[PDB]
file data-v3.tsv (TSV, N, CA and C atoms)
chain	number	residue	atom	x	y	z
A	1	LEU	N	86.34	86.20	91.00
A	1	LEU	CA	87.49	86.10	91.94
A	1	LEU	C	88.10	84.70	91.87
A	2	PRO	N	89.15	84.58	91.10
A	2	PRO	CA	89.84	83.28	90.94
A	2	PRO	C	90.64	82.94	92.21
A	3	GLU	N	91.12	81.73	92.30
A	3	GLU	CA	91.90	81.34	93.51
A	3	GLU	C	92.99	82.37	93.80
A	4	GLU	N	93.43	83.09	92.80
A	4	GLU	CA	94.49	84.11	93.01
A	4	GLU	C	94.04	85.14	94.05
A	5	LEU	N	92.88	85.70	93.87
A	5	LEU	CA	92.38	86.71	94.84
A	5	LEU	C	91.95	86.02	96.14
A	6	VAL	N	91.23	84.95	96.03
A	6	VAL	CA	90.79	84.22	97.26
A	6	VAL	C	92.01	83.85	98.11
A	7	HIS	N	93.15	83.71	97.49
A	7	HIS	CA	94.37	83.35	98.25
A	7	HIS	C	94.74	84.49	99.20
A	8	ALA	N	94.76	85.70	98.71
A	8	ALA	CA	95.11	86.85	99.59
A	8	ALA	C	94.05	87.03	100.67
A	9	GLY	N	92.83	86.66	100.39
A	9	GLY	CA	91.75	86.81	101.42
A	9	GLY	C	90.59	87.62	100.83
A	10	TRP	N	90.69	88.02	99.59
A	10	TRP	CA	89.59	88.81	98.97
A	10	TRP	C	88.31	87.98	98.90
A	11	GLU	N	87.18	88.61	99.07
A	11	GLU	CA	85.89	87.86	99.00
A	11	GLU	C	84.76	88.80	98.58
A	12	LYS	N	84.04	88.46	97.55
A	12	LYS	CA	82.93	89.34	97.08
A	12	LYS	C	81.75	89.28	98.06
A	13	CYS	N	81.14	90.39	98.33
A	13	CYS	CA	79.98	90.40	99.27
A	13	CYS	C	79.01	91.52	98.91
A	14	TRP	N	77.90	91.60	99.59
A	14	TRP	CA	76.91	92.68	99.28
A	14	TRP	C	76.87	93.70	100.43
A	15	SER	N	77.47	94.84	100.24
A	15	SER	CA	77.46	95.88	101.31
A	15	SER	C	76.08	96.52	101.41
A	16	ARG	N	75.47	96.50	102.56
A	16	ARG	CA	74.12	97.11	102.71
A	16	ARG	C	74.21	98.63	102.59
A	17	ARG	N	75.13	99.24	103.29
A	17	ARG	CA	75.26	100.72	103.22
A	17	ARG	C	75.38	101.18	101.76
A	18	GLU	N	76.21	100.54	101.00
A	18	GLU	CA	76.38	100.93	99.57
A	18	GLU	C	75.25	100.34	98.72
A	19	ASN	N	74.51	99.41	99.27
A	19	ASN	CA	73.40	98.79	98.50
A	19	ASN	C	73.93	98.14	97.22
A	20	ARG	N	74.94	97.33	97.34
A	20	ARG	CA	75.50	96.66	96.13
A	20	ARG	C	76.64	95.73	96.54
A	21	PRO	N	77.13	94.99	95.59
A	21	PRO	CA	78.23	94.05	95.86
A	21	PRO	C	79.59	94.74	95.73
A	22	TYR	N	80.63	94.09	96.19
A	22	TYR	CA	81.98	94.70	96.12
A	22	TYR	C	83.04	93.66	96.51
A	23	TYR	N	84.12	94.09	97.10
A	23	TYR	CA	85.17	93.12	97.52
A	23	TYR	C	85.62	93.44	98.95
A	24	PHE	N	85.89	92.43	99.73
A	24	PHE	CA	86.32	92.67	101.14
A	24	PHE	C	87.51	91.77	101.48
A	25	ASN	N	88.65	92.36	101.75
A	25	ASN	CA	89.84	91.53	102.10
A	25	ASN	C	89.74	91.06	103.55
A	26	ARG	N	89.36	89.83	103.76
A	26	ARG	CA	89.25	89.32	105.15
A	26	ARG	C	90.64	89.30	105.80
A	27	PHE	N	91.67	89.50	105.03
A	27	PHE	CA	93.05	89.50	105.59
A	27	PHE	C	93.40	90.89	106.14
A	28	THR	N	93.26	91.90	105.33
A	28	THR	CA	93.58	93.28	105.80
A	28	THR	C	92.29	94.06	106.07
A	29	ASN	N	91.18	93.37	106.17
A	29	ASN	CA	89.89	94.06	106.44
A	29	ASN	C	89.62	95.13	105.38
A	30	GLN	N	90.32	95.08	104.27
A	30	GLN	CA	90.10	96.09	103.20
A	30	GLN	C	88.68	96.00	102.65
A	31	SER	N	88.22	97.04	102.01
A	31	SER	CA	86.85	97.03	101.42
A	31	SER	C	86.86	97.80	100.10
A	32	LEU	N	87.00	97.11	99.00
A	32	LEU	CA	87.03	97.80	97.69
A	32	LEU	C	85.66	97.78	97.02
A	33	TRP	N	85.61	98.10	95.76
A	33	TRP	CA	84.32	98.10	95.02
A	33	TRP	C	84.52	97.48	93.64
A	34	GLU	N	85.70	96.98	93.38
A	34	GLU	CA	85.98	96.35	92.06
A	34	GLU	C	87.09	95.31	92.22
A	35	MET	N	87.02	94.23	91.49
A	35	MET	CA	88.06	93.17	91.61
A	35	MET	C	89.45	93.80	91.77
A	36	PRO	N	90.14	93.38	92.80
A	36	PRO	CA	91.49	93.92	93.07
A	36	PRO	C	92.53	93.25	92.17
A	37	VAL	N	93.79	93.44	92.46
A	37	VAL	CA	94.85	92.81	91.62
A	37	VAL	C	95.78	91.96	92.50
A	38	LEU	N	96.77	91.35	91.91
A	38	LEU	CA	97.71	90.51	92.71
A	38	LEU	C	99.10	90.54	92.09
A	39	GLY	N	99.93	89.59	92.43
A	39	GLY	CA	101.31	89.57	91.86
A	39	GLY	C	101.26	89.07	90.41
A	40	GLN	N	100.09	88.78	89.91
A	40	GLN	CA	99.98	88.29	88.51
A	40	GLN	C	100.89	89.11	87.59
A	41	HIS	N	101.16	90.34	87.95
A	41	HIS	CA	102.04	91.19	87.10
A	41	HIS	C	103.46	90.63	87.07
A	42	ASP	N	104.43	91.47	86.83
A	42	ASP	CA	105.84	90.99	86.78
A	42	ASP	C	106.38	90.78	88.20
A	43	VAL	N	107.56	90.24	88.33
A	43	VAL	CA	108.14	90.01	89.68
A	43	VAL	C	109.36	90.91	89.89
A	44	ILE	N	109.17	92.08	90.43
A	44	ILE	CA	110.31	93.00	90.66
A	44	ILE	C	111.02	92.65	91.97
A	45	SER	N	111.66	91.52	92.03
A	45	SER	CA	112.37	91.12	93.28
A	45	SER	C	113.78	90.62	92.95
A	46	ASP	N	114.73	90.89	93.81
A	46	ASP	CA	116.12	90.43	93.55
A	46	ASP	C	116.75	89.88	94.83
A	47	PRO	N	116.09	88.91	95.40
A	47	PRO	CA	116.58	88.29	96.66
A	47	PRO	C	117.81	87.42	96.38
call {"tool": "encode", "arguments": {"input": "data-v3.tsv", "output": "structure tokens"}}
result
Amino acid sequence: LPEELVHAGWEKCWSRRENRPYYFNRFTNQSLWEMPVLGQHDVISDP
């Protein structure tokens, strides 16, 4: 998890119920199981 993910609030942790590590967005309380993504892709914006 590079500063890119840590910026959004993502944080790797060990879920006891799942008995393994994963990802938890402390910002949206999200709970994934594999490194998430970010705006690293293209920028589809026309402000």
call {"tool": "atom_distance", "arguments": {"input": "data-v3.tsv", "atom1": "atom CA of residue 10 of chain A", "atom2": "atom CA of residue 30 of chain A"}}
result
8.4 Å
call {"tool": "closest_residue", "arguments": {"input": "data-v3.tsv", "among": "A:14, A:47, A:8, A:38", "to": "residue 26 of chain A", "atoms": "all atoms listed in the file"}}
result
A:8
call {"tool": "atom_distance", "arguments": {"input": "data-v3.tsv", "atom1": "atom C of residue 2 of chain A", "atom2": "atom N of residue 18 of chain A"}}
result
24.4 Å
call {"tool": "select_by_dssp", "arguments": {"input": "data-v3.tsv", "residues": "chain A", "states": "alpha helix (DSSP H)", "output": "JSON list (two decimals) with N, CA and C atoms, in the coordinates of the input"}}
result
[["chain", "number", "residue", "atom", "x", "y", "z"],
["A", 3, "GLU", "N", 91.12, 81.73, 92.30],
["A", 3, "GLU", "CA", 91.90, 81.34, 93.51],
["A", 3, "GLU", "C", 92.99, 82.37, 93.80],
["A", 4, "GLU", "N", 93.43, 83.09, 92.80],
["A", 4, "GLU", "CA", 94.49, 84.11, 93.01],
["A", 4, "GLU", "C", 94.04, 85.14, 94.05],
["A", 5, "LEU", "N", 92.88, 85.70, 93.87],
["A", 5, "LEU", "CA", 92.38, 86.71, 94.84],
["A", 5, "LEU", "C", 91.95, 86.02, 96.14],
["A", 6, "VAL", "N", 91.23, 84.95, 96.03],
["A", 6, "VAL", "CA", 90.79, 84.22, 97.26],
["A", 6, "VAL", "C", 92.01, 83.85, 98.11],
["A", 7, "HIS", "N", 93.15, 83.71, 97.49],
["A", 7, "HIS", "CA", 94.37, 83.35, 98.25],
["A", 7, "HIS", "C", 94.74, 84.49, 99.20],
["A", 8, "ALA", "N", 94.76, 85.70, 98.71],
["A", 8, "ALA", "CA", 95.11, 86.85, 99.59],
["A", 8, "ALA", "C", 94.05, 87.03, 100.67]]
call {"tool": "residues_around", "arguments": {"input": "data-v3.tsv", "residues": "residue 33 of chain A", "least_positions_apart": "3", "cutoff": "8 Å", "atoms": "all atoms listed in the file", "output": "list in words"}}
result
residues 21, 22, 23, 24, 30 and 36 of chain A
call {"tool": "residues_around", "arguments": {"input": "data-v3.tsv", "residues": "residue 25 of chain A", "least_positions_apart": "3", "cutoff": "6 Å", "atoms": "only N, CA and C atoms", "output": "list in words"}}
result
residues 9, 10, 11, 28, 29, 30, 31 and 32 of chain A
call {"tool": "atom_distance", "arguments": {"input": "data-v3.tsv", "atom1": "atom N of residue 6 of chain A", "atom2": "atom C of residue 41 of chain A"}}
result
16.2 Å
call {"tool": "closest_residue", "arguments": {"input": "data-v3.tsv", "among": "A:17, A:37, A:43, A:27", "to": "residue 5 of chain A", "atoms": "only C-alpha atoms"}}
result
A:37
